Amino acid sequence: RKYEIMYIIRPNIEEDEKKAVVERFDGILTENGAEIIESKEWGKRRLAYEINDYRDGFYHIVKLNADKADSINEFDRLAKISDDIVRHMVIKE
Amino acid sequence: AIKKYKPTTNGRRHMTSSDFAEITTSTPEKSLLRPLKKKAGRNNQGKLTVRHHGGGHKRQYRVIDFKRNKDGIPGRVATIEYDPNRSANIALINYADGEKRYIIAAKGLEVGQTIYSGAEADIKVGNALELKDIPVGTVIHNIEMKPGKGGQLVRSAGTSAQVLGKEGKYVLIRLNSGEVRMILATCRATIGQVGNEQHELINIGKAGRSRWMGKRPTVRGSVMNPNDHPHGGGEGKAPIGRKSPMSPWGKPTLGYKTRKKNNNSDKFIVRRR
Amino acid sequence: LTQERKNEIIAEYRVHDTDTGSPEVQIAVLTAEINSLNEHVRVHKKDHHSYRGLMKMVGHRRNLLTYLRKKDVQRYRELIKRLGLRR
Amino acid sequence: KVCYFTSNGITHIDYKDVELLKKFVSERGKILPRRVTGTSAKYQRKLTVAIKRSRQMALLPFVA
Amino acid sequence: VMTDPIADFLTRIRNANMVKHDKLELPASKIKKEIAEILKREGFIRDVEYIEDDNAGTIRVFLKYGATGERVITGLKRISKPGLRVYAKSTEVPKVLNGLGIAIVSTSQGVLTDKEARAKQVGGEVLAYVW
RNA sequence: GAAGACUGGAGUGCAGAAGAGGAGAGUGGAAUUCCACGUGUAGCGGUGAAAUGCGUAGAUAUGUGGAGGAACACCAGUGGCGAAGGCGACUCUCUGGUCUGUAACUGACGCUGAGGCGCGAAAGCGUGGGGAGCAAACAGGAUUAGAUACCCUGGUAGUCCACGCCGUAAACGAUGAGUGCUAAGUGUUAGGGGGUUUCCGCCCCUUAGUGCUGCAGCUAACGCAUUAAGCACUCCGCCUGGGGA
RNA sequence: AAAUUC
Ligand SMILES: [Mg+2]
Ligand SMILES: [Mg+2]
Ligand SMILES: [Mg+2]
Ligand SMILES: [Mg+2]
Ligand SMILES: [Mg+2]
Ligand SMILES: [Mg+2]
Ligand SMILES: [Mg+2]
Ligand SMILES: [Mg+2]
């Protein structure tokens with residue numbers, strides 16, 4: 001099947017660390033049963049409402065090819081535990 | 001959960017008991033066991049002060065860490081055991097230091113999870129932190145009242161408190177009975193509800209099962225003698241022929257408040273139960 | 001069942017190259033689906049609406065069986081063994 | 001009348017095109033009805049799912 | 001034609017008679033053949049044509065009306081129903097409308113109207129009344 | 001009845017479409033209530049009027065944050081889906097059905113279906129969680145000749161979740177399932193096809209649903225009228241004066 | 001506001 005990931009990273013992350021979580025977050029998808037087509041970031045974008053005390057944030061877009069589907073669930077489990085990604089949604093394609 | 005018993009005999013008609021689905025091992029660590037001797041409510045002088053005690057199955061005390069001052073060292077849950085001295089299960093922890101100690105088993109704690117404590121630990125079940133660092137609204141247990149003394153406020157099975165707000169040097173707390181209280185912000189607590197939540201649904205179902213737990217029969221007052229109880233006497237059955245029901249020592253025993261009216265700790269209690 | 005899974009099944013039951021509706025090819029697939037759905041209905045036991053679709057399929061399997069059992073008794077007595085059903 | 005989608009050649013929907021989607025939202029942030037926007041009946045469901053899924057991920061306000 | 005394709009055939013005639021139609025077609029069969037020919041022998045039908053098709057062919061029937069707009073076939077009733085079959089002995093074949101009507105009998109020597117079945121002394125299943 | 005043949009019925013294959021169909025897990029924002037802390041003063045609330053109630057231990061109001069539960073604003077539409085009860089926040093996993101187009105395949109494999117087995121709103125029951133509102137019972141204030149009620153302030157079971165029972169209703173379209181035939185007009189849902197037409201858009205043909213107006217026919221009348229209560233065939237359930245019941 | 005019987 002075809003999936004897609006789009007997650008939000010807190011703006012108060014220095015660009016050294018903000019380039020590290022992407023390798024970490026994209027690490028799991030390739031580690032488990034999935035393949036990533038690309039991983040692009042839109043950049044800073046204002047939020048329509050204050051999701052946390054924050055008001056701004058960073059955006060990301062990822063495409064996948066998976067069949068066992070367990071990679072996505074592993075991605076879901078680490079998403080809430082982590083304190084970096086605030087909102088993330090999985091869409092099927 | 002709870003294991004009901006088929007009505008074989010009249011003594012087994014209603015008895016129910018816990019099935020112990022959660023205890024992992026049944027061999028205590030021999031290095032953390034201290035002897036106990038029953039006292040049966042017998043006093044310093046050998047007199048009997050608190051009655052209806054004594055004469056049960058023998059036990060063995062087993063030391064428990066109520067302080068959790070070992071800070072920053074990862075601890076791992078080794079097992080969940082049965083402890084006869086209390087209403088909650090306990091867990092055996094072996095830190096990477098090599099030391100072993102017991103802690104109270106909070107609800108949701110399972111073998112394998114790792115426990116930190118101190119001033120840099122995260123917010124998860126089993127972690128120990130000062131009330132200073134605890135975010136408001138969380139559910140805690142094993143509170144303490146003086147800094148460094150050891151956990152003393154919430155300990156029984158399936159009970160919990162709730163951090164309610166910070167007021168400078170002190171922290172507001174809602175205790176299990178519903179009494180909102182104020183305590184020092186440098187005390188400690190453990191996040192999460194206490195484990196054995198079903199301990200209160202058990203039918204004893206037998207007098208013998210009452211006596212297996214160090215309990216002795218209770219005799220009413222209306223069947224005593226006039227010199228034995230303010231109620232005893234009267235031919236046939238007799239009601240409470242007094243102004244108010246009385247304890248065996250005067251001092252009315254229904255609706256009569258007995259807290260010390262001039263206590264030092266009235267100013268730390270926002271509202272009672 | 002996926003589409004590709006079925007085309008693997010049909011190739012193991014056809015009489016000639018391209019039949020797709022003979023009773024035995026028609027029943028080889030349905031038995032696979034019935035077995036597949038039971039393992040998906042023995043976990044979520046409260047899906048009452050979807051369980052009815054299982055009843056229709058086993059009802060549609062039995063009606064085809066009596067077709068063979070009155071058309072070619074030899075063929076039907078052979079199909080069961082390969083497919084591992086009962087009477 | 002006349003559906004913009006059914007006319008202007010836009011067939012698919014992507015929940016990233018926030019600027020394009022903003023034409024179909026009111027001043028207070030509510031979804032416009034069909035009788036005023038003129039969209040076709042079929043694409044209305046495509047649009048309604050599109051806005052909601054975006055409205056969760058902070059691209060558009062819930063109440064403005 | 002779910003169960004009885006003769007009961008249906010009679011009905012298809014009666015419905016198109018009520019609305020004053022002129023032509024009507026329907027799938028053909030050996031039994032439907034002569035039952036449509038008999039009605040031609042008494043003028044109940046203007047004429048009949050057959051059509052060859054891929055499945056079984058059809059039969060096209062030209063219904064007849066008298067001038068001044070008066071119908072010719074004023075009703076039809078079935079007697080041998082699939083739920084209850086009826087058979088009539090030779091002497092007990094009825095007369096419809098005191099002989100003004102016509103009945104259809106499937107005797108042992110081909111489908112036959114009872115004008116001559118009583119003359120030929122045979123009986124069989126009684127298919128329909130026409131009057 | 002036996003043997004053989006055929007493809008329209010029925011079913012499979014192939015290409016597409018729509019959907020509050022279902023089970024499980026995870027997640028979201030408004031809003032009522034409560035809690036903590038600022039600002040500030042004597043009322044807030046309520047009725048046909050009034051009182052009970054809450055407030056000077058400082059209310060109602062107002063700003064910031066925390067906690068818990070239940071339902072999902074706009075989209076929303078005699079719109080969609082399901083066999084009937086019923087089904088609206090979002091995402092993912094596991095699943096059921098239906099429709100259109102094709103003519104590749106099987107060749108009557110069909111319909112109904114007593115007893116039997118399942119599903120079945122709400123209330124109710126058992127064991128156990130949970131408990132924001134609302135609210136049987138009940139208390140207080142009112143009304144009235146009386147008021148066990150309607151009106152007002154509170155409030156337990158319940159409403160919610162897991163497992164197991166109950167098996168009822170105006171469970172209604174008060175209309176059993178299946179098949180064929182018998183004028184039109186106009187809406188709307190998902191499709192296919194053609195004309196006009198560079199497109200868009202307009203016009204026409206057709207399938208399956210969903211509304212309304214109306215001939216032939218039916219009915220006691222009201223009304224039904226291609227979604228028949230019209231004309232026919234197969235199978236199932238039920239009725240035989242009212243009460244007693 | 002409520003406001004019965006013949
Ligand atoms: Mg005692
Ligand atoms: Mg005595
Ligand atoms: Mg006496
Ligand atoms: Mg006395
Ligand atoms: Mg029955
Ligand atoms: Mg209920
Ligand atoms: Mg009330
Ligand atoms: Mg229609």
# chains A, B, ... in the order shown; residues from 1 in each chain; ligands from 1
$ residues_around --residues "residue 37 in chain A" --least-positions-apart "2" --cutoff "8 Å" --atoms "only C-alpha atoms (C1' of nucleotides)" --output "list in words"
residues 35, 39, 62, 63, 64 and 65 of chain A
$ write_last_selection --atoms "C-alpha atoms" --output "PDB file, in the first residue's frame"
ATOM      1  CA  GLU A  35      11.090   2.047   2.191  1.00  0.00           C
ATOM      2  CA  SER A  39      12.076  13.331   3.173  1.00  0.00           C
ATOM      3  CA  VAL A  62       7.635  11.717   3.920  1.00  0.00           C
ATOM      4  CA  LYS A  63       6.502   9.025   1.466  1.00  0.00           C
ATOM      5  CA  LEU A  64       6.714   5.271   2.063  1.00  0.00           C
ATOM      6  CA  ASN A  65       6.360   1.824   0.543  1.00  0.00           C
TER       7      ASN A  65
END
$ select_by_dssp --residues "range 18-80 of chain A" --states "strand (DSSP E or B)" --output "ChimeraX atom specification"
/A:34-46,56-66
$ select_by_dssp --residues "range 30-61 of chain C" --states "helix (DSSP H, G or I)" --output "PyMOL selection string"
chain C and resi 30-41+48-61
$ residues_near_ligand --ligand "ligand 5" --cutoff "9 Å" --atoms "only C-alpha atoms (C1' of nucleotides) and all ligand atoms" --output "ChimeraX atom specification"
/F:114-116
$ residues_near_ligand --ligand "ligand 3" --cutoff "10 Å" --atoms "only C-alpha atoms (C1' of nucleotides) and all ligand atoms" --output "PyMOL selection string"
chain B and resi 234-239
$ interface_residues --of "chain D" --to "chain F" --cutoff "12 Å" --atoms "only C-alpha atoms (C1' of nucleotides)" --output "number ranges by chain"
D: 2-9, 24-35, 41-58, 61-64
$ write_last_selection --atoms "C-alpha atoms" --output "short mmCIF file (atom, residue, chain, number, x, y, z; two decimals), in the first residue's frame"
data_model
loop_
_atom_site.label_atom_id
_atom_site.label_comp_id
_atom_site.auth_asym_id
_atom_site.auth_seq_id
_atom_site.Cartn_x
_atom_site.Cartn_y
_atom_site.Cartn_z
CA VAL D 2 -21.19 26.23 -11.71
CA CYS D 3 -18.79 24.10 -9.67
CA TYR D 4 -15.24 25.42 -9.78
CA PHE D 5 -13.88 21.89 -9.41
CA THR D 6 -16.16 20.43 -12.09
CA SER D 7 -15.15 23.29 -14.42
CA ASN D 8 -11.62 24.58 -13.71
CA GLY D 9 -10.06 21.16 -14.31
CA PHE D 24 -14.48 27.55 0.57
CA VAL D 25 -14.27 28.63 4.24
CA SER D 26 -16.24 31.48 5.76
CA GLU D 27 -14.96 34.44 7.76
CA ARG D 28 -15.54 32.74 11.12
CA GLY D 29 -14.04 29.46 9.90
CA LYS D 30 -17.21 27.52 9.11
CA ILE D 31 -17.74 25.41 6.00
CA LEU D 32 -19.96 27.10 3.45
CA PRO D 33 -23.14 25.31 2.39
CA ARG D 34 -23.65 24.01 -1.15
CA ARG D 35 -26.30 26.55 -2.12
CA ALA D 41 -22.59 17.41 -4.90
CA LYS D 42 -19.84 14.80 -5.31
CA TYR D 43 -16.86 17.07 -4.70
CA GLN D 44 -18.54 18.48 -1.60
CA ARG D 45 -17.72 15.25 0.22
CA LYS D 46 -14.19 15.40 -1.19
CA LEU D 47 -13.89 18.97 0.05
CA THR D 48 -15.51 18.31 3.43
CA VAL D 49 -13.05 15.54 4.25
CA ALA D 50 -10.20 17.67 2.93
CA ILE D 51 -10.83 20.65 5.21
CA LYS D 52 -11.38 18.61 8.36
CA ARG D 53 -8.17 16.63 7.99
CA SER D 54 -6.24 19.85 7.44
CA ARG D 55 -8.12 21.55 10.28
CA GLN D 56 -6.61 19.00 12.65
CA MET D 57 -3.01 19.71 11.61
CA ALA D 58 -3.10 23.45 12.32
CA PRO D 61 -8.27 27.47 12.39
CA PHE D 62 -11.15 25.68 14.06
CA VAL D 63 -12.96 28.86 15.09
CA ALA D 64 -10.70 31.57 13.63
#
$ residues_near_ligand --ligand "ligand 4" --cutoff "8 Å" --atoms "only C-alpha atoms (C1' of nucleotides) and all ligand atoms" --output "list in words"
residues 222, 230, 231, 232, 233, 234, 238, 239, 240, 241 and 242 of chain B
$ residues_around --residues "residue 57 in chain B" --least-positions-apart "6" --cutoff "12 Å" --atoms "only C-alpha atoms (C1' of nucleotides)" --output "PyMOL selection string"
chain B and resi 36-38+84-85+208-215
$ decode --residues "range 179-190 of chain B" --atoms "N, CA, C and O atoms" --output "CSV table (one decimal), in the first residue's frame"
chain,number,residue,atom,x,y,z
B,179,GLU,N,-9.3,15.2,52.2
B,179,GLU,CA,-8.9,16.3,52.9
B,179,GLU,C,-7.7,17.0,52.2
B,179,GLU,O,-6.7,16.4,52.0
B,180,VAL,N,-8.0,18.2,51.8
B,180,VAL,CA,-7.0,19.0,51.1
B,180,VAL,C,-6.0,19.5,52.1
B,180,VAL,O,-6.3,20.0,53.2
B,181,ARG,N,-4.7,19.4,51.8
B,181,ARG,CA,-3.6,19.6,52.8
B,181,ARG,C,-2.5,20.4,52.1
B,181,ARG,O,-2.4,20.5,50.9
B,182,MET,N,-1.6,20.9,52.9
B,182,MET,CA,-0.4,21.6,52.5
B,182,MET,C,0.8,21.0,53.2
B,182,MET,O,0.9,20.9,54.4
B,183,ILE,N,1.8,20.7,52.3
B,183,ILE,CA,3.1,20.1,52.8
B,183,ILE,C,4.3,20.8,52.1
B,183,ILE,O,4.1,21.4,51.1
B,184,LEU,N,5.4,20.5,52.7
B,184,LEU,CA,6.7,21.1,52.2
B,184,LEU,C,7.0,20.7,50.8
B,184,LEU,O,6.7,19.5,50.4
B,185,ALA,N,7.5,21.6,50.0
B,185,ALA,CA,7.8,21.3,48.6
B,185,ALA,C,9.1,20.5,48.4
B,185,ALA,O,9.4,20.1,47.2
B,186,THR,N,9.9,20.3,49.4
B,186,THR,CA,11.1,19.5,49.3
B,186,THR,C,10.9,18.0,49.7
B,186,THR,O,11.8,17.2,49.6
B,187,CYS,N,9.7,17.6,50.0
B,187,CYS,CA,9.4,16.2,50.3
B,187,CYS,C,9.3,15.5,48.9
B,187,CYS,O,9.5,16.0,47.9
B,188,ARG,N,9.2,14.2,49.0
B,188,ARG,CA,9.2,13.3,47.9
B,188,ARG,C,7.8,12.6,47.7
B,188,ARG,O,7.0,12.5,48.6
B,189,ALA,N,7.7,12.0,46.5
B,189,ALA,CA,6.5,11.2,46.2
B,189,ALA,C,6.8,10.3,45.0
B,189,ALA,O,7.9,10.5,44.4
B,190,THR,N,5.9,9.4,44.7
B,190,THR,CA,6.1,8.5,43.5
B,190,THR,C,4.8,8.6,42.7
B,190,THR,O,3.7,8.5,43.1
